[PDB]
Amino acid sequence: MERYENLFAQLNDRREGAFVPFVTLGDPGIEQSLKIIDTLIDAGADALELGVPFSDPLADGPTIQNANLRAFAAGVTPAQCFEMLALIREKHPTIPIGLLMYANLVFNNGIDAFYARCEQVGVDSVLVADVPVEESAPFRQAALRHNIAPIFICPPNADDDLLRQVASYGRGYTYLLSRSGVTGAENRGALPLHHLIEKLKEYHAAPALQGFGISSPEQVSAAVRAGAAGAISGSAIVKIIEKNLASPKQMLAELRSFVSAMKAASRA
């Protein structure tokens, strides 16, 4: 399908950036998670990044580690995440859906079968966080065979040859890291270096979404001002879940209010 391409062309016309929340599927249970996700979309999410719970999430900080642990405490498996993704797609036919995966969950019982499953449920992209471009051949091949975009990462660390590989191998969107470290809202990243955004554009890479440490509307506006196509916020959204576990109604209300404020700031 062409969901990312369609989204970006539409935002471009509207003079808008994308606002993309992340949550962990199944946090804090299957039913409430589905409600959170519909809430995120109703509140103006342009795309989704959705994490599958993983036992040892080495690119994640404590907030998202505890989101993983909540889902496991609800008994959430990858199979149940796939059930959720199918239901989410059925409700929302055009929103681009990206997964945040760790390699072992993709490799577990077959790389090909993993991407085939993503295609079946209507996922658009997969970002495997611990597979660098150097190791990515079997992943990108399987992704493309099943009409899934493989997402690659552009660090602030990025040299030229990496820029070119990322532009060639990646599809859908290019990920722009805000900073080194792991996910977390209490570690604020830097302004998107306008060097990389320029070079990415030069090499006709998929449009960039900046991620890590984005937790405020001011940071979303800033990413767009910097030439990025959009911004991803995970820990900030997850902390609203964490704090409202005994108040699932207030949880949703707060999610709605925050997402709306973040999306409003993406309008240029």
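Only the largest set of C-alpha atoms that superpose within 1.5 Å between the two forms is called the rigid core. One-based numbering along the sequence shown.
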Q: Would you mind working out which of 234 to 242 and 24 to 32 sits farther from this form in 8 other deposited structures of this protein by RMS C-alpha distance, with the rigid core as the fit?
A: 234 to 242
Q. Checking the other PDB entries with both flanking residues built, is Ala185 absent in a third or more?
A. yes
Q. Once you work out the mean C-alpha B-factor for both 167 to 175 and 154 to 162 from the entry, which is higher?
A. 154 to 162
Q | Stretch with the greater mean C-alpha B-factor as recorded in the entry, comparing 219 to 227 against 195 to 203 | A | 195 to 203
Q | Of the residues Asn104, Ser125, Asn187, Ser136, the one carrying the largest Cα B-factor as recorded | A | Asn187
Q: Could you tell me which third, lowest, middle or highest, the C-alpha B-factor of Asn109 occupies within its chain?
A: highest
Q: Divide the modelled residues of the chain into thirds by Cα B-factor and specify which third, lowest, middle or highest, holds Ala208.
A: middle
Q: Within this chain's modelled residues, let me know which third the CA B factor of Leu252 belongs to: lowest, middle or highest.
A: middle
Q: Can you work out whether the C-alpha temperature factor of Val238 puts it in the lowest, middle or highest third of the chain?
A: lowest
Q. Where does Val131 sit by CA temperature factor within its chain: lowest, middle or highest third?
A. lowest
